[PDB]
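Chains as they are written, first to last, in the UniProt record's numbering: chain A, 33 to 56, 64 to 77, 81 to 136, 139 to 176, 187 to 395, 408 to 455, 460 to 501; chain F, 33 to 56, 64 to 77, 81 to 136, 139 to 176, 187 to 395, 408 to 455, 460 to 501; chain X, 516 to 543, 567 to 660; chain E, 516 to 543, 567 to 660; chain Y, 516 to 543, 567 to 660.
Built from N, CA and C at the ideal position, the CB exists for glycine as well.
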Ligand SMILES: *[C@@H]1O[C@H](CO)[C@@H](O[C@@H]2O[C@H](CO)[C@@H](O)[C@H](O)[C@H]2NC(C)=O)[C@H](O)[C@H]1NC(C)=O
Ligand SMILES: *[C@@H]1O[C@H](CO)[C@@H](O[C@@H]2O[C@H](CO)[C@@H](O)[C@H](O)[C@H]2NC(C)=O)[C@H](O)[C@H]1NC(C)=O
Ligand SMILES: *[C@@H]1O[C@H](CO)[C@@H](O[C@@H]2O[C@H](CO)[C@@H](O)[C@H](O)[C@H]2NC(C)=O)[C@H](O)[C@H]1NC(C)=O
Ligand SMILES: *[C@@H]1O[C@H](CO)[C@@H](O[C@@H]2O[C@H](CO)[C@@H](O)[C@H](O)[C@H]2NC(C)=O)[C@H](O)[C@H]1NC(C)=O
Ligand SMILES: *[C@@H]1O[C@H](CO)[C@@H](O[C@@H]2O[C@H](CO)[C@@H](O)[C@H](O)[C@H]2NC(C)=O)[C@H](O)[C@H]1NC(C)=O
Ligand SMILES: *[C@@H]1O[C@H](CO)[C@@H](O[C@@H]2O[C@H](CO)[C@@H](O)[C@H](O)[C@H]2NC(C)=O)[C@H](O)[C@H]1NC(C)=O
Ligand SMILES: *[C@@H]1O[C@H](CO)[C@@H](O[C@@H]2O[C@H](CO)[C@@H](O)[C@H](O)[C@H]2NC(C)=O)[C@H](O)[C@H]1NC(C)=O
Ligand SMILES: *[C@@H]1O[C@H](CO)[C@@H](O[C@@H]2O[C@H](CO)[C@@H](O)[C@H](O)[C@H]2NC(C)=O)[C@H](O)[C@H]1NC(C)=O
Ligand SMILES: *[C@@H]1O[C@H](CO)[C@@H](O)[C@H](O)[C@H]1NC(C)=O
Ligand SMILES: *[C@@H]1O[C@H](CO)[C@@H](O)[C@H](O)[C@H]1NC(C)=O
Ligand SMILES: *[C@@H]1O[C@H](CO)[C@@H](O)[C@H](O)[C@H]1NC(C)=O
Ligand SMILES: *[C@@H]1O[C@H](CO)[C@@H](O)[C@H](O)[C@H]1NC(C)=O
Ligand SMILES: *[C@@H]1O[C@H](CO)[C@@H](O)[C@H](O)[C@H]1NC(C)=O
Ligand SMILES: *[C@@H]1O[C@H](CO)[C@@H](O)[C@H](O)[C@H]1NC(C)=O
Ligand SMILES: *[C@@H]1O[C@H](CO)[C@@H](O)[C@H](O)[C@H]1NC(C)=O
Ligand SMILES: *[C@@H]1O[C@H](CO)[C@@H](O)[C@H](O)[C@H]1NC(C)=O
Ligand SMILES: *[C@@H]1O[C@H](CO)[C@@H](O)[C@H](O)[C@H]1NC(C)=O
Ligand SMILES: *[C@@H]1O[C@H](CO)[C@@H](O)[C@H](O)[C@H]1NC(C)=O
Ligand SMILES: *[C@@H]1O[C@H](CO)[C@@H](O)[C@H](O)[C@H]1NC(C)=O
Ligand SMILES: *[C@@H]1O[C@H](CO)[C@@H](O)[C@H](O)[C@H]1NC(C)=O
Ligand SMILES: *[C@@H]1O[C@H](CO)[C@@H](O)[C@H](O)[C@H]1NC(C)=O
Ligand SMILES: *[C@@H]1O[C@H](CO)[C@@H](O)[C@H](O)[C@H]1NC(C)=O
Ligand SMILES: *[C@@H]1O[C@H](CO)[C@@H](O)[C@H](O)[C@H]1NC(C)=O
Ligand SMILES: *[C@@H]1O[C@H](CO)[C@@H](O)[C@H](O)[C@H]1NC(C)=O
Ligand SMILES: *[C@@H]1O[C@H](CO)[C@@H](O)[C@H](O)[C@H]1NC(C)=O
Ligand SMILES: *[C@@H]1O[C@H](CO)[C@@H](O)[C@H](O)[C@H]1NC(C)=O
């Protein structure tokens, strides 16, 4: 027997690499930093071990979604002049949207440096902090200056495909019962992933991909209460947003070529912004979640859903973006039930204009007012739960870390490095 | 017959690629973003098809000339403080240069933040807009802030050679009757192009390359009046500029380390800035243009040259740069004639200091005053005409699109992609 | 010596004398524009060398194969191809038959790779 | 035709007839990141082609060599290697003997280079 | 084992037995610096591999060629070249004639490429 060298053997090792974007009005995650797309090959008898919790695509996508966010905010207005003293009065002076607003008057710079401009705007009470018609100031003014969300770029997520470079392959687990870890009997080599919409949300995985046959529970260590549980639905739960107000965006020229878009007036339906989830559909979806959740804790255990414990408004609420305006919904009527072995649910949502999105300090963003009435149709395709540390297990909604949102889309994918040079014995002998 | 593979065959396809600069006091299109140069090979029996109107070198050179322009303006003064209110009075209070100027007084910042500075400057009436010693303001102040044209970089165009990377070749059409399109009997492979001076001008192709034997008429579709006609002369028409005034540049410290250069005083010859074109030379040059222009419209047709129709001052005038100061000449005495089957022409030129050069909005530039008398010697090596939509054809001067200026220098060049792998039949048989 | 692409107009027989002239000229934010052109030339060159390698033609400017010339690709006789046509004309005639020829050359080599591998064990 | 990595689960004998499929796919915020992914692909490919040339296997996909198979590396017979194992399973078995085999091939060719250099001197 | 460039002071005969050592070390703001050096290392490596290909020396480290030695490049005999001089001393001696030999090797291979090509036509 003699050593014979084979070049091109189908052998791969696990690897971490830089996957390039691909996609098929500018966007935050635009197509100017991506590549046009064009595929899937079934690898029979191949049983690969996946790990959705130590996947580097999740860590890289988090970096890239952040990077495309900042890259899309540099070329537009920085609101340094908006740190002035505000003389704010109430809008209603008495349940409505107008009880959430302060009518703030301030001196603003003009396009001519030596001239001022007495202007006013309606600021949400969540954006103004009192100084001790009282005197207020914008909330993120002692920490940073808010680069205005540029009005011509949309926040709508477009699907992005992460494609492996040459010498690498993306393995896709086609198993329908694959939780997040261990062998996957059915594997495929895709050129690159399905369109992953970077939907940014907390406590609820809006839009995205459904499970195939049954609700899937995915935790790094189900017995550890410090680990989030990524529930994935099989049938989506439709959630409808709204801001009933007919907003009136107003433009203020704060400098040469720079405009500040302000809420000048609010008329129309002044009901508080809310989201509607069907009460029958949500009840049967939690029934499926509970059924798949007793498999890890016992048949006789009591599964109780409570509401978020505490913390920032971005972590205690179903924070999300819808129609360019950022909502923060309570979701305390969604998660309120105890499970023993036409109607709708209305979630009161607050709205903010000053956004510190990626759990960072020092880089805020001022989301300008959206003219008109905002309406919203989304699919709740998952959950992020945390368990409380007795025969009763309490599951509060979780979140905060944006990586668990994209870990729910990149759980089935894996990047490998092709090792095409292999040696093996054969009856050969070089002449 | 058997297939035999030849590597290195002289076969090329049309391609679009990134050609790198090459060149042989900093400049706008400096040598710090180019490569030192070092050539031409005559390809006999090769008849290639060129197309100067769908040439990507023209589209790339436009991007690169713009890119080197902005890259040369970032490191120097931004004139945000120059948006103050100006108290402007007349300079003459009565045909001269002084009737084009306003004597504007304003408060300017000092190098110390808490101190002001009552200064004055002479601003052209084309740069100040009245607000309703009246009150004025700079013209590009509601659209942007004018980054001052940095005083140590010159606007003089230096020749740049666009050189193809490895695997590509630049085909040069050596035919002397080649209009802009179709087969070219004489072709050559140059390492890269002749020195193309990026002279920026409208209605007249100042400096550059002459035709070889006769005036060349070049239009994408000569029967379409919406297409510009690129006339190229065989003998240059010399045009002499001047600003007779002895300007006195004055420096204002608008901040720490930042200086604003202002026209403090104007003395000397106060005749309006003008350009002189020889009346005999221009008449015989239009005679050659008309002779070569009747070939496309008929021998009995009436060729009439009218002046520019209307629009911006950059498009109705022979806009150009000469001696660092930007002129805008009338050229209504140049194009005024009807052609049937020692003296000089003086073109009154205006001058501006606030320049929106590349037909863009939001990026102006303040050209600082040039000390002394400005004198100018250029060659008119071409024209850009537009035809009016009868036995009389009227040809007005055109322009605006800066690409037609460099389309007149890159008409003879073409980039091809070498395909060195070719198969062919032969009596071979591998042993 | 004609130079780079000098024999572009020569007949296919005469243009094959100078295959090494074109072969050596295929290899050699403003920095990125130059830098990305350099990478494009390298990977474009390597894809052609890889194709020659899998046909058993690596390191050869002229390589003879074991694929018979199907007359469907071109029925012109050998005398009117190497002394009358130029390489540019030839490429336009067999442009649509290029990919089917490429597959045959790849299938001819790996057949020889295994046949020689089998015969070498005897 | 199976496709790229299609014979990953196939036996070593069957997966060795599709080496070209894997070989041709090893060569070919979204700026330098995408550009340095191409340069890494070229460098990874070029260092694998360099190894083949050092072992005398340049321009070949199946290269029978002179280094005998030390039974310590793998005591299995040919029947249960080329008809019962896949290349991923085989790579796991000899992952630690890879580097000692690589040195053996490198020196064996270096001996053959001087052996044919001396034979040609006569 | 001496290591990379270890045989730089060794005679030409002794330093030619360590070519694999130097051969494998030729391939492996502030981000373009790293990236542009890598592309230049790949380009330089491919230029020297291309030269070996057009001389008929592809995939070989020692390549005996058909070009005769003129003795106007170096009058020294084999005893005092391969047993006294080192490769650095030798390089400074035929640096003038390097491009003369580089042209003869290319021309000899091209003639040899067709003499073998015309031999297969019989
Ligand atoms: C806008 O600026 C004006 C002054 O330009 C402010 O009016 C002054 O307010 C102070 C009290 O803080 C008085 O002492 C002055 O007499 C006022 N000057 C006037 C009325 O000319 C005004 O309060 C500012 N508005 C804001 C900050 O909203
Ligand atoms: C910026 O100002 C805000 C508002 O004053 C600060 O947040 C407050 O911090 C105090 C002290 O812990 C709390 O009592 C308040 O409830 C906080 N207000 C809000 C709205 O959260 C914040 O700490 C300041 N940041 C910095 C860097 O000084
Ligand atoms: C989830 O997906 C839906 C459907 O794409 C999104 O709703 C669309 O939003 C865009 C932009 O606001 C509108 O132009 C479409 O008309 C909407 N479609 C429907 C059916 O209403 C929704 O915004 C997504 N949810 C997010 C991003 O949180
Ligand atoms: C979210 O909903 C909860 C529940 O409706 C609100 O908080 C509690 O409301 C119940 C009755 O509705 C009271 O008995 C509790 O005292 C409330 N707890 C509080 C106020 O801490 C809550 O106000 C809603 N909004 C938010 C932002 O939590
Ligand atoms: C420069 O600033 C001074 C003030 O610092 C301006 O003078 C004032 O002009 C206003 C009229 O607009 C008067 O009401 C004030 O009494 C003036 N103050 C003085 C004279 O101390 C002056 O007009 C400014 N010059 C400009 C803008 O060119
Ligand atoms: C900036 O100001 C200028 C000057 O007022 C504006 O241009 C004027 O526009 C009006 C309305 O069409 C015309 O009647 C004037 O003749 C224009 N003046 C000049 C000098 O062109 C310009 O539109 C303003 N730009 C913006 C973005 O508001
Ligand atoms: C056309 O070319 C001439 C000749 O190069 C340019 O005139 C020169 O301009 C530079 C810089 O202003 C002077 O230093 C030279 O002395 C000038 N030469 C002559 C003969 O006057 C002219 O500016 C160019 N025309 C343009 C750029 O529009
Ligand atoms: C450019 O020249 C023309 C022609 O000299 C000037 O405009 C016309 O001049 C004639 C007599 O010289 C008058 O009869 C017309 O009424 C003028 N037309 C106008 C003023 O629109 C023109 O003033 C010169 N300058 C510019 C900038 O056009
Ligand atoms: C403004 O509204 C707040 C909260 O709604 C209230 O506490 C305050 O008294 C109001 N100010 C008035 C009515 O002047
Ligand atoms: C996920 O499934 C695999 C295979 O069934 C199993 O080994 C693993 O334990 C599961 N994950 C957890 C956290 O138990
Ligand atoms: C939510 O439901 C309420 C009634 O329960 C209705 O008035 C409101 O319009 C609904 N909003 C949306 C967005 O469906
Ligand atoms: C959401 O809105 C759609 C129409 O946009 C409606 O058909 C559906 O019934 C609504 N569902 C809920 C839960 O409000
Ligand atoms: C959770 O609900 C309780 C009452 O049920 C409330 O006091 C608390 O504020 C809620 N926490 C949230 C919404 O984060
Ligand atoms: C929700 O999902 C359904 C299919 O499950 C789809 O038809 C609908 O358009 C989705 N709604 C969205 C994305 O708003
Ligand atoms: C200033 O000049 C303009 C135009 O030359 C003229 O209309 C105006 O009357 C002048 N102002 C005076 C003389 O005060
Ligand atoms: C330019 O010349 C070619 C060749 O003479 C001719 O075919 C073509 O029609 C000419 N261009 C136009 C616009 O007619
Ligand atoms: C133009 O000609 C006039 C006389 O026609 C003369 O006074 C002036 O100096 C000339 N200017 C130039 C720049 O030649
Ligand atoms: C232009 O100026 C030159 C000298 O600089 C002079 O010789 C020539 O006659 C002038 N021509 C015109 C048309 O003014
Ligand atoms: C063209 O000339 C006419 C008079 O002949 C004039 O009214 C018009 O303003 C001119 N247009 C220009 C110079 O753009
Ligand atoms: C104009 O062209 C002539 C030759 O045609 C040249 O001698 C002269 O220097 C040129 N004038 C310039 C470039 O100003
Ligand atoms: C062009 O053709 C002629 C004969 O038609 C030939 O002599 C000449 O060599 C050819 N050109 C080249 C560059 O080979
Ligand atoms: C040549 O190609 C044709 C297809 O155009 C095919 O039908 C024929 O069988 C081929 N000849 C062979 C394989 O000998
Ligand atoms: C998987 O194994 C079966 C037999 O066990 C074989 O027929 C099949 O070809 C294998 N899969 C692949 C992709 O070769
Ligand atoms: C075979 O491998 C063993 C270690 O596994 C080693 O000790 C022995 O020397 C090797 N034999 C040969 C001939 O290389
Ligand atoms: C240096 O020269 C000595 C003899 O002069 C020799 O033994 C030694 O091997 C040489 N050094 C190297 C690194 O070969
Ligand atoms: C050696 O080179 C010289 C020129 O330096 C040349 O004249 C001579 O012919 C060459 N020797 C042989 C044998 O070719």
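- Contact annotation: residue 329 of chain A and residue 383 of chain A have beta-carbon atoms nearer than 7 Å.
- Annotation: residue 645 of chain E is outside any beta strand (DSSP E); the continuous alpha helix (DSSP H) that includes it extends over 636 to 657.
- CA-to-CA, the gap between residue 303 of chain A and residue 440 of chain A works out to about 13 Å.
- Shown here, residue 473 of chain A sits in a helix according to DSSP, grouped into three states.
- Taking residue 197 of chain A as the centre and dropping the five residues before and after it, the same chain places the C-beta of 427 and 428 closer than 7 Å to its C-beta, in chain order.
- Distance from the Cα of residue 387 of chain F is smallest, within the candidate group F:364, F:336, F:446 and F:142, for F:336.
- Near ligand 21, meaning a beta-carbon closer than 5 Å to one of its heavy atoms, we find F:86, F:87, X:524 and X:525.
- For residue 463 of chain A, the enclosing beta strand (DSSP E) covers residues 462 to 467.
- Assigned with DSSP and collapsed to three states, residue 618 of chain E falls in helix.
- For residue 157 of chain A, at least one C-beta of chain F is nearer than 7 Å to its own C-beta.
- Distances between the C-beta of residue 290 of chain A and the heavy atoms of ligand 14 include at least one below 6 Å.
- Taken atom to atom, the span from the alpha-carbon of residue 127 of chain A to that of residue 149 of chain A is near 9 Å.
- Per DSSP, reduced to three states, the secondary structure at residue 201 of chain F is strand.
- Inter-residue distance for residue 523 of chain Y and residue 543 of chain Y is about 20 Å (C-alpha atoms, whole angstroms).
- The beta carbon of residue 305 of chain A sits no closer than 6 Å to any heavy atom of ligand 19.
- Its chain contains no residue whose beta carbon lies nearer than 6 Å to that of residue 117 of chain F once the 5 sequence neighbours on both sides are disregarded.
- The CB of residue 498 of chain A comes closer than 8 Å to the CB of 655, 658 and 659 in chain X, given here in chain order.
- Taking a contact as a CB-CB distance under 8 Å, the pair residue 417 of chain A and residue 313 of chain A does not count as one, their CB atoms being some 21 Å apart.
- For residue 419 of chain A, the secondary structure class from DSSP, reduced to helix, strand or coil, is coil.
- Interface flag for residue 127 of chain F against chain A is set, since a Cβ pair is found closer than 7 Å.
- Our two residues, residue 220 of chain A and residue 340 of chain A, have alpha carbons roughly 44 Å apart in a direct line.
- In the DSSP assignment, residue 90 of chain A falls within the unbroken beta strand (DSSP E) covering 90 to 93.
- For a cut-off of 8 Å, the C-beta gap from residue 51 of chain A to residue 242 of chain A is around 17 Å, too long to register as a contact.
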